[PDB]
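This document starts with one chain, in the form deposited in one PDB entry, laid out as structure tokens.
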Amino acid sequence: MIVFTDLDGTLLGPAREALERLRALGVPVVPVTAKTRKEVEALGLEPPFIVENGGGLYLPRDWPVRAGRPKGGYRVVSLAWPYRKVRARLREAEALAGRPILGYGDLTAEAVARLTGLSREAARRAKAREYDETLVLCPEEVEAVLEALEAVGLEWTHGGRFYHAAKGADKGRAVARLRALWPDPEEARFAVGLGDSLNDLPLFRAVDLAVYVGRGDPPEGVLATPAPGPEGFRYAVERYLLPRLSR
């Protein structure tokens, strides 16, 4: 069993207790996040993990299955275009749109902090992007901007506050690739995906047991918990996962 957790909104107690339960019991937990590697590292989370909405898969340096290429103390499997290429295509899209398209790459850490309510240091880590660009769009211009993005070969998502631009960043494909990189085929045969967002659909579709712990309404065919948030996660571990170890 492998547990994929796309719980940015949710995992930041009895939730950490639940996580620790899984870990102490040898069950792999793989963070899947919109965050950058720098942000993930600041949380103290160890690889393997999936960053920037499936843009990149980070593996321990000594992962037994060889893949990707060394970057820092990791081996990274890049599934999406690199940030520099997205940024270059964005310049083209801006030219098409005939108006400014601004992203985090254009903004100071101080500006990003002010806009997000993050500290300056957390803003710097949010700015350390490898695949995906966060956009700061005029609501009235969204329609025209999104068409320009498509015109130049870019893909877009909406993360809750801001639109994003990338190419080939998909949580589902990243989840599928990691399972296909797993040292123990048997352990990976059954995957659970826990998510809180309707934009966790690609994740849910790539796992065998999908559970939504978000505050919205659960995607059809996606098991849900009585309560959202940490309690949702705790409940899912206690009710759906831990019991399986008695088998």
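Rigid core (definition): largest C-alpha set, two forms, superposition within 1.5 Å. The numbering used is simple: start at 1 and walk along the sequence shown.
Quick check on the record: how many residues from the deposited sequence are absent from the model between residue 24 and residue 25 (none, 1 to 3, 4 to 9, 10 or more)? Per the record, no deposited residues are absent between residue 24 and residue 25.
105-113 versus 134-142 - greater average Cα B-factor per the deposited record: Higher mean C-alpha B-factor in the PDB entry: 134-142.
Output the stretch having the higher mean C-alpha B factor in the entry; the candidates are 89-97 and 70-78. In the deposited entry, the stretch with the higher C-alpha B-factor mean is 70-78.
Have a look at 44, 193, 64, 54 and flag the one whose Cα has the highest B-factor in the entry. Largest recorded C-alpha B-factor: 64.
Among 181, 29, 188, 207, where is the Cα B factor highest in this entry? In this record, 188 carries the highest C-alpha B-factor of the candidates.
Would you mind checking where the Cα B-factor of residue 50 ranks among the modelled residues of its chain, as the lowest, middle or highest third? Lowest third - that is where residue 50 ends up once the chain's C-alpha B-factors are sorted.
Compared with the other modelled residues in the chain, in which third is the CA B-factor of residue 161? Highest third, going by the recorded CA B-factors of the chain.
What comes next is about the form deposited in another entry, which is not displayed.
Core-aligned C-alpha movement of residue 163 between this form and the one not shown, 2 Å or more: Yes, because once the rigid core is superposed, the C-alpha of residue 163 moves 2 Å or more between this form and the one not shown.
Per-residue C-alpha change between this form and the one not shown, residue 99, threshold 2 Å, rigid core fit: Indeed, residue 99 is displaced by 2 Å or more.
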